[PDB]
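Notes follow the structure.
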Ligand SMILES: Cc1cc2nc3c(=O)[nH]c(=O)nc-3n(C[C@H](O)[C@H](O)[C@H](O)COP(=O)(O)OP(=O)(O)OC[C@H]3O[C@@H](n4cnc5c(N)ncnc54)[C@H](O)[C@@H]3O)c2cc1C
């Protein structure tokens, strides 16, 4: 049922870049690009929450061909134009200290020109799939590029064109995105996210943790864990619903604080969060993808 590995590293799909647009507005930190690829000519299909591999050109420091890097799909199964012909990624340029270094695949992607051919593999992953049940509740805890699978979910749920194309999925549950980025300009897809909340105030809640513009009660910069702590009781109450799914995505590091906050909330009703969570993971309702 779920498509997987229609293309593999030994014989990847050669797609063409259609467009490559900036998601970080002026005054933001770093570079994050929305890149859309043409899938026509092959049979690459995918669903929300999956990933694809991109094989960058060139060789590594040892002269070995570069290997694929995985990127979370940022478009629904239908693509951004709802035509079933494309796929999009949300790619941050990796750059860092000394160990000024630019990540190989991410720099290649963020600077890639439309018309360029790209080696694509996948799709892969069954850990971040959205439930078919339209009355499910969906909690989304994302930082930076972790917004990507969340975009696939929220677009499928809330875009007019998606609703028209998906007769079998008219979402009527409640979705809540807690999104941590350093600055307002760094809020990826800000305009569309807020548009979704204005149109579906009863079905979508949007919460930001903006570290350079907000302080937590302890006076430190505001991070996603802080927002989870702030709304821990509410989040725990939603999670107790048999139909609630929680999704965590972004660079590793946020899970510890999220657990600590949810643990304190659950403890109030005599529940051991770490145990409850184990059962949620077994049931396929606690979805994590960090990197
Ligand atoms: C399931 C999954 C989903 C992903 N989704 C996304 C996504 O949606 N968007 C996205 O941008 N990326 C995503 N990634 C990460 C992506 O796959 C690449 O790992 C990332 O883009 C960097 O790859 P690169 O080739 O550009 O860097 P590389 O040239 O491969 O360099 C990576 C290496 O740099 C070193 N390094 C990294 N950070 C530091 C640091 N700060 N200080 C010192 N050394 C460091 C480490 O050795 C690391 O192994 C995802 C990864 C996985 C596994």
- Residue within the range 151-158 that is assigned to a loop (DSSP other than H, G, I, E, B), out of contact with any helix residue (DSSP H, G or I) (no Cβ under 7 Å at 6 or more places or on another chain) and under 17 Å from residue 75 (Cα atoms) present: no
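Applying the selection to the range 159-176, what residues are in contact with a strand residue (DSSP E or B) (Cβ under 9 Å, 6 or more places away or on another chain) and either surrounded by fewer than 18 Cβ atoms within 10 Å (Cβ to Cβ) or part of a loop (DSSP other than H, G, I, E, B) (or both)?
Taking the range 159-176 as the starting set, the residues that turn out to be in contact with a strand residue (DSSP E or B) (Cβ under 9 Å, 6 or more places away or on another chain) are 171, 173-176.
The answer is 171, 173, 174.
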- Answer residue from the range 16-41, given it is more than 15 Å from the ligand (Cβ to nearest atom), within 22 Å of the chain's Cα centre (by Cα) and under 13 Å from residue 87 (Cβ atoms) and is surrounded by the fewest Cβ atoms within 10 Å (Cβ to Cβ) among those: 19
- Query: Do you know which residues across the range 127-140 are more than 12 Å from the ligand (Cβ to nearest atom) and either out of contact with any helix residue (DSSP H, G or I) (no Cβ under 7 Å at 6 or more places or on another chain) or under 28 Å from residue 40 (Cβ atoms) (or both)?
  - Reply: 129, 130, 131, 132, 133, 134, 135, 136
- For the range 45-84, what are the residues that are within 9 Å of the ligand (Cβ to nearest atom), over 14 Å from the mean Cα position of the chain (by Cα) and either in a strand (DSSP E or B) or assigned by CATH to the domain that holds residue 153 (or both)? 53, 54, 69
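Given the condition over 12 Å from the mean Cα position of the chain (by Cα) and assigned to a loop (DSSP other than H, G, I, E, B), answer yes or no: does some residue in the range 189-196 qualify? So that I can check it myself, show each step before the final result.
Going residue by residue through the range 189-196, those that are over 12 Å from the mean Cα position of the chain (by Cα) are 190-196.
With the extra rule that they be assigned to a loop (DSSP other than H, G, I, E, B), the set shrinks to none.
Within the range 189-196 (the criterion being over 12 Å from the mean Cα position of the chain (by Cα) and assigned to a loop (DSSP other than H, G, I, E, B)), the answer is no, since none of the residues qualifies.
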- Query: In the range 91-106, which residues are surrounded by 13 or more Cβ atoms within 10 Å (Cβ to Cβ) and more than 6 Å from the ligand (Cβ to nearest atom)?
  - Reply: 93, 95, 102
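Cβ: placed from backbone, ideal geometry, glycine included. Neighbour counts: every protein chain shown. The values are calculated or read from the model by the stated rules, or taken from the named source; no laboratory instrument gave them.
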